[PDB]
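Residue numbers (PDB author numbering): 82 to 141. Positions of the beta carbon are idealized from the N, C-alpha and C atoms, including for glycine. Notes follow once the structure below has been shown.
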Amino acid sequence: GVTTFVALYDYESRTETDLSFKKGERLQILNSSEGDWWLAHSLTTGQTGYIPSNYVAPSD
């Protein structure tokens with residue numbers, strides 16, 4: 082199923098595989114919410130990559 086989140090803070094990409102996002106973006110994960118880093122897709126930007134769980138909160 083869909084598992085969505087909204088970003089609470091801006092995050093700047095620092096690796097080859099993470100995802101930059103801004104506060105307020107809607108983000109979905111492409112596996113489960115286990116662990117601290119999730120492969121995600123931004124509904125806002127269309128970009129993808131790993132995001133840190135502690136920058137986002139659940140969004141229905």
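- Nearest neighbour of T84 by Cα position, chosen from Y136, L111 and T129, turns out to be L111.
- About 6 Å separates the CB atoms of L100 and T129; that is less than 8 Å, so the two are in contact.
- Counting only the Cα atoms, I132 lies some 12 Å from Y90.
- Straight-line measurement puts the Cα of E115 at about 22 Å from the Cα of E93.
- A straight-line Cα-Cα distance of about 22 Å links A138 and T96.
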